[PDB]
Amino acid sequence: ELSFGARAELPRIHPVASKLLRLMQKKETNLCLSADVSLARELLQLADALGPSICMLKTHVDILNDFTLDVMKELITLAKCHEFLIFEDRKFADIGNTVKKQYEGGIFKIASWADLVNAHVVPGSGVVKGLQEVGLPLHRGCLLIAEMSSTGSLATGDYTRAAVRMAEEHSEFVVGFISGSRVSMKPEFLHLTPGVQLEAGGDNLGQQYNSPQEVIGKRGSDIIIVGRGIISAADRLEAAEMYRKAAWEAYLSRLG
């Protein structure tokens, strides 16, 4: 098993994956903050304070009450300062012709500021083809949703295998997965795992939690995605540090 720093140099590595893996090893962080807030000021204050602790900040631009492209300009300044990627968790899931416009255009202009986006594989590979026609020229990357954290997920068995095949056949643009576990045996591909908290439990709407030690150490994923376990805590910086240290040690111990 290669370190993040060695994976950053693999021959077939995507440039966005390489940038991410380098800053993960430099900063000793494999934590992605899920910045699930409705206020731009809270998003930016979290990005600035937690920036040093995270490899990535995941957005849902469509729940921000006061979105403007200028908010995203300020987020990019913080991402460059503290060295983290911006991942818009848009879960594109339409025909190729539609998703290319949803990615490039409208009010959000996602491709103009998001290093990474993700897509569901259920529509077939046209979803990736449509996104890549915007994303390749803008030097972006994409994650495919191979497994989900929620109760009753149908992203299992042949579905997960189809996501891995689709990623591996679009390696010019697809840099990894949303998954609960290592699903690809190819080390060029990132595994990001949501549904993470230190304590056992879930929410009232089908979310299920596993610990950083379980998903990084036992299930072999690379990065934990954490929302409420950080966001709902009083001290979000100390919560982020708890999650960072948990995910980083689980990674080191798997490396041996």
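Definition used throughout: the rigid core is the maximal C-alpha set that superposes within 1.5 Å between two forms. The first residue of the shown sequence is 1; numbering continues from there.
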query: Stretch departing more from the displayed form, 124-132 or 89-97, Cα RMS in 5 other deposited structures of this protein (core fit); finding: 89-97
query: Given 107-115 and 159-167, the range whose Cα B-factors average higher in the PDB entry; finding: 159-167
query: Higher-scoring stretch by recorded Cα B factor average, 177-185 or 85-93; finding: 177-185
query: Highest-ranked of 72, 99, 138, 143 once sorted by CA temperature factor in the record; finding: 138
query: Chain thirds of CA B-factor: placement of residue 202; finding: highest
query: CA B-factor ranking of residue 62, expressed as a third of its chain; finding: lowest
query: Third assignment of residue 208 from its chain's C-alpha B-factors; finding: highest
query: Third of the chain, ranked by Cα B-factor, where residue 40 sits; finding: highest
query: Residue 150 CA temperature factor, ranked by third within the chain; finding: middle
